[PDB]
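The structure appears right after this line, and notes come after that.
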Amino acid sequence: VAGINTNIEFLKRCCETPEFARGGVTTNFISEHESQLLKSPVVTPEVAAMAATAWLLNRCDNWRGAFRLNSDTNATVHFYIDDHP
Amino acid sequence: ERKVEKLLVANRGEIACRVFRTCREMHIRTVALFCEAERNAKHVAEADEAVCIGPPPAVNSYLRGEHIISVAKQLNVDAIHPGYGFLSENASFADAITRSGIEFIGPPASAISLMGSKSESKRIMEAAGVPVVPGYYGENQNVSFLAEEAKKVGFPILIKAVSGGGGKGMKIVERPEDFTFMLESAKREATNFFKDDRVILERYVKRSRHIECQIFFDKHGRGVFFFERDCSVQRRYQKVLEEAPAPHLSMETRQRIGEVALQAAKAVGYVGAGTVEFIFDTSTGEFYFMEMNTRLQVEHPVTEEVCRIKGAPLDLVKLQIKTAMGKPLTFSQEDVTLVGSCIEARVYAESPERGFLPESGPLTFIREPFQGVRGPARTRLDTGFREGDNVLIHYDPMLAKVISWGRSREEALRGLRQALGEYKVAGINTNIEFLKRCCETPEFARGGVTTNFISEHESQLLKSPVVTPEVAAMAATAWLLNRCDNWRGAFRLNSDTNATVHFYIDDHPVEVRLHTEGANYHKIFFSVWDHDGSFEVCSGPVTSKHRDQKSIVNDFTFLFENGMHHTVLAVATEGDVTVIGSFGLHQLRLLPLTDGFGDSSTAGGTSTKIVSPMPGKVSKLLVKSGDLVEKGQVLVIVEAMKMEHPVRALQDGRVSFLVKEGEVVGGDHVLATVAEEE
Amino acid sequence: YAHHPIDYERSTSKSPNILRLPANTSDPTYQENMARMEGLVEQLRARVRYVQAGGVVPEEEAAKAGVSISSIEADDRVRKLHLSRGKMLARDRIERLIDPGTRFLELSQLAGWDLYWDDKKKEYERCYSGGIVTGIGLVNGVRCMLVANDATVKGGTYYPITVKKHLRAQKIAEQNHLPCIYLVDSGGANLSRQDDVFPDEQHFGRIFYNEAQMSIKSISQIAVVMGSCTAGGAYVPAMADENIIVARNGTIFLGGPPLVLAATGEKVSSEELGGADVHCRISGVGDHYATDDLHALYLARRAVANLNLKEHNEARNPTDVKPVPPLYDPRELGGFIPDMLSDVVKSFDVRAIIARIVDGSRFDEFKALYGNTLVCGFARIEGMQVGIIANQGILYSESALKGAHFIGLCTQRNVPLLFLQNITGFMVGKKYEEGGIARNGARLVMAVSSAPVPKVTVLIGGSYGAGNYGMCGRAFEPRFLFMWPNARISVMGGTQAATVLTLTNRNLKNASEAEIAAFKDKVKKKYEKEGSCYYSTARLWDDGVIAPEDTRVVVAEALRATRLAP
Ligand SMILES: O=CCCCC[C@@H]1SC[C@@H]2NC(=O)N[C@@H]21
């Protein structure tokens, strides 16, 4: 789903690492493994490349028909990942 | 055991999609591989991730096994399936995979290396005790030795020679107690074909029919042979059509084929799926070993239609992954039972009229036969190409495979007929017409066909329907309308319209003329090959305004006066017009009319050519005398006050020089005569 | 005869004679040429970078440019001090101003390259640009001329090369009806070369003349006052449909802060003397008062929006078009160009160049068997029909007649013209002079000058002498000029002038070797001391300088620039 954050990543994390495939889980089973969970994949520097490129192209003709003299093109995108630009 | 979550594929094509599909059911990841470009291909649109490997030539792509292994290690791949071709048979690659720790799918490297050499393989089977027909026994040390072993080692007499296919020493001497003609035949063979004086004797078989049983093995010492197969039909060592249930094969024999096959595989040791091939003579009634392949065949889905395990559908590739899993089997040879019959045929992007030479071109329109169940038969199609794809010359010409499972042979054969007919491709000539001709007239519905079955009936085959004069009418009309508004809004005075099309059918130009009477675009006539009639035509929606290489694909309706009606989807281009309908498919080549339209000069060019001004001083002439000059190269360069002023003559024909470098020449001198090549 | 098509097929096929099929074979000759070209472009493409971010090149490996080493630290210090003020010291104002995803031209570049020689013998004045940067910009769907005053005031605001650049920009905008935007930052005037820049004509007064003649023709113009514009520079904010004064550092003065002293020297704050006075003063001077650089640029864009030119440009130049590329690779353009410094003229071709530049690699030849020297015909350049005159060899009377006929047709049907200059090539034979060659040359020049068609010229190479009068020249009103690196603009003879002037100059019969050393070598040094890089552009002779490979894009910019015209 795209548009709103969901807990779907949490549920998968609840299914892979916890060895509850055995079948024995208590009522408070969620409480102890909270450190293990709440974990998501790390955004690799490549992911920024496709994400950044899409915003331009999916907004305008950036890099389309562009032309300069005896030089080369340049265009930059700023992402506010976490609390660090 | 070792868990698997990532699957790697080596080759490309139908096998890529097949390996990818079942993978979804097992819930395993997938990885695709592709050459330069080759990224729009379907298989990559089916996997989870694809990697480009390099240049198109097979040396550059799919053969850098070390690079493939390093890439797989970087991806932390669990398993690799080589498929067939490329590194399918290479023990070094398998050993490197094993050292890297990835579960190779297939036989161990030792079996592949041993079967790589025919002599050591036949040695192994001879030691094992399997009936094997050898290629040689000793040499022609003595002529009496020939009579000694003629009635000894092999009663059937195969004289032949040490090498060479002439075989005039054979003389088809099937009669034993022959002693005055065999030596004379061998000595007359030695003349003009001396080669080496060593002569080898074998058993001679009058008839040959190919058999090939399938087998499967885990790594925990347990296996089960699948059902037999037949590959009697093959042209130039290329598989054409095959049948998993060998018609006319006794059950008891089936059983025994297994005991022999299992002995050989156990002797060499084997894991995974494989196939043993035999050679069989009906007159003798015995089978003799010819060869085995330690690799999954292309004919795997065929044998599947005639085998069920525990009443459930069988998946051959599934088990091979489960074999790689390390899990042991679940069934004995018994749980497997055959049910019904099936037939297969391969379609090749080649031209039957020509020397079966592959052709490369874009795929314009691809009809898809109904791949669903109906009546007493199951028909399926597997294709490694789709619409908008283009055939690569580097790869083999292979479009799709069609299989007709049925409860009885008849149902199966009949099913195919209709399916083979229904599937349609436009853009490249195919052998689909040949296969249908191979199925209708030949009375092979009986089930007895030899290895050389194709050779004798070549006169009967290679035959296609005759292009009726009507076919030209719909084909000619489509090219106009599917190009412009010909016959649309047309108008003249006190007269009637006329427009003509020239077809280059075979090596004879064909002219078709179309005209109208009245105020009717609808009422149209025709006159081709001195045959005249009337029809009406109603078109469809106008499509493909860009009229690119694919051009326009539209449906047409034609109501001829007699009373008929027709529907024709015509994709027409400048090169040809293709019409598909109940008649079949026919492409008519349009008479080519191109010849350097402009530069058509037959002038003699006798004198006064590339004349130089007064200063002269010719030098540095870079053209050879008596060499054709059509393009305007610098024939002579003369210098007048630092004026190179190259003449740059464009008169076609060879140029003859009458001057030499460094020679001062007068004004307007005849430096060379540019004359037509005579 | 067994041939009956309907013209197409013969046409609309990939086999029409209209196209061209000169395929190169990459031989030594090609290498010698192709390689040199490469040797003729690297620095061209490079100096650009050095003047860009002028005097601050952190790589310090700019040996590919013959530019002398300069004090990088001083320029970096100046830029740091200027950027600490709150204003962007760069061309950044421009690419912030123009819409993203659009094109730009940079009309005049490398302006004032090593022009003035200072008192220090080894030092030239460090004018990395002409003091301004000029290029055609597309703002808010509206094509406009952009002129930005650089913050380089170390030598003085404006030079004989600065006012000429500004006036060239104004003339181009008026001819093409592109509105102008001026980014104003000045140090006043230059009280050293003031006689050269202030009085006379075609000077600082003509700027004020043009800014009024434009508003007569209702071609709105906009100026942004980033810093002080004194010494007659304060009239542009006054003569402006819209003007912008930045809240803190935007200042406009008719008399300098030092000037109040020594004449009623009751000095007060520089704000009250005419700077940005945001206190609701009585003066209604300056339309926009913007708190920040981004705010000012944004208001400039907003004012540009409300001009109604978007509809007219969109109708005239189709925004949504399908690019048609040529049949041959544009990298091959450097190869067909011959080498340089060759005693005798080398060989050359044109067909290949036109087949490489035009759309679909096609051409429409007029008479080529006759007057085989000169080339003329129609073409296609990115959806627009074009006429090309490219010169090849020594001109004849018949070549002049053919040129006149072509120009007549082009003017008749309103087809733009493109020029590709070459040698003079006027024969001196007595029979040719007796054949009325002068009359035919006049026939050609009359048609060239009389043509109302828009005209652009680009130097191929070897444009020396009065021959350009036959084809085209700066003095014949070309709305744009661009140049290739291997260009020489000189007297009626590049090589022969040496031989001719050797004879008639106070030479004794003897001492022949010393004389040819003193005469021929010296005149060669004089006539190839001028070149594409220095004598041109730096002095705004043929202001544009380009690469041979990217010519079609530039010419397409030019043609789109010349269709807003009345
Ligand atoms: O073929 C000999 C005639 C050479 C003509 C050279 C032309 S005439 C005008 C121009 N000025 C020169 O120095 N050379 C060219």
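Protein chains in written order, with the authors' numbering: chain M, 434 to 518; chain I, 10 to 687; chain F, 135 to 700.
A virtual CB, placed ideally from N, CA and C, is assigned to each residue, including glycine.
What distance in whole Å lies between the Cβ atoms of residue j and residue i, which are believed to be in contact at a cut-off of 8 Å?
i                      : j        : result
F:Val191               : F:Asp233 : Not a contact, Cβ separation roughly 30 Å.
I:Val307               : I:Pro254 : Rounded, the Cβ-Cβ distance is 18 Å, inconsistent with contact.
F:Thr558               : F:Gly494 : Contact flag wrong, Cβ pair sits at about 33 Å.
I:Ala435               : I:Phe374 : 5 Å
I:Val580               : I:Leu597 : Their Cβ separation, rounded to whole angstroms, is 13 Å, which puts I:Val580 and I:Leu597 out of contact at 8 Å.
residue 688 of chain I : I:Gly641 : The question about residue 688 of chain I has no answer here: the residues shown for chain I are numbered 10 through 687.
I:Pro361               : I:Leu471 : 6 Å
F:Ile350               : F:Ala368 : Contact doesn't hold; Cβ gap of about 22 Å is too wide.
F:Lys654               : F:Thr636 : 6 Å
F:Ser666               : F:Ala621 : 4 Å
I:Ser413               : I:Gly424 : 4 Å
F:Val370               : F:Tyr316 : 7 Å
Can you grab the Cα-Cα spacing for the pair residue i / residue j, in whole Å?
i                      : j        : result
F:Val592               : I:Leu84  : 54 Å
I:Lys445               : I:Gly349 : 22 Å
F:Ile266               : F:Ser242 : 9 Å
I:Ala170               : I:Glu14  : 56 Å
I:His678               : F:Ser160 : 33 Å
F:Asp411               : F:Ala381 : 8 Å
I:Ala482               : I:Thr603 : 24 Å
I:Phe453               : I:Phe462 : 9 Å
F:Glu647               : F:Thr633 : 14 Å
F:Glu445               : F:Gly339 : 35 Å
F:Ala365               : M:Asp516 : 50 Å
residue 741 of chain I : I:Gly281 : Chain I is shown from 10 up to 687; residue 741 of chain I falls before or after that span and cannot be answered.
I:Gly110               : I:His52  : 26 Å
F:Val438               : F:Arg154 : 45 Å
I:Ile441               : I:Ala19  : 29 Å
Based on the DSSP secondary-structure assignment, which residues constitute the bridge partners of residue i?
i        : result
I:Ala282 : I:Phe225
F:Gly409 : F:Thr385
I:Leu167 : I:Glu211
F:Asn283 : F:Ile266
I:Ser413 : I:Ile352, I:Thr388
I:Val60  : I:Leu42
I want to see whether chain M comes within less than 8 Å of residue i, judged by CB atoms only; does it?
i        : result
F:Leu178 : yes
F:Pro234 : yes
F:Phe614 : no
F:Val190 : no
F:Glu240 : yes
F:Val185 : no
F:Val590 : no
Under 8 Å between C-beta atoms, does residue i make it to chain F?
i        : result
I:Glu359 : no
M:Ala499 : yes
M:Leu502 : yes
I:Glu639 : no
M:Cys448 : no
Would the beta-carbon of residue i be found less than 7 Å away from any heavy atom of ligand 2?
i        : result
F:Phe653 : Ligand 2 is not among the ligands present in this structure, which contains only ligand 1.
Below 7 Å between beta carbons is the criterion; list the residues of the stretch 597-620 of chain I that meet it against any residue of chain F, in chain order. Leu602, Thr603, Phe606, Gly607
Closer than 8 Å between beta carbons: that is the criterion. Which residues of the stretch 662-683 of chain F meet it against chain M? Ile680, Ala681
At a CB distance below 7 Å, what residues from the stretch 293-321 of chain F approach chain M? Give them in sequence order. none
Going along the chain, which residues of the stretch 138-169 of chain F sit with their C-beta nearer than 7 Å to a C-beta in chain I? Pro139, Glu143, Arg144, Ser147, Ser149, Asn151
Tell me which residues of the stretch 651-664 of chain I have at least one Cβ-Cβ distance to chain F shorter than 7 Å, keeping chain order. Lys651, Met652, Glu653, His654, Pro655
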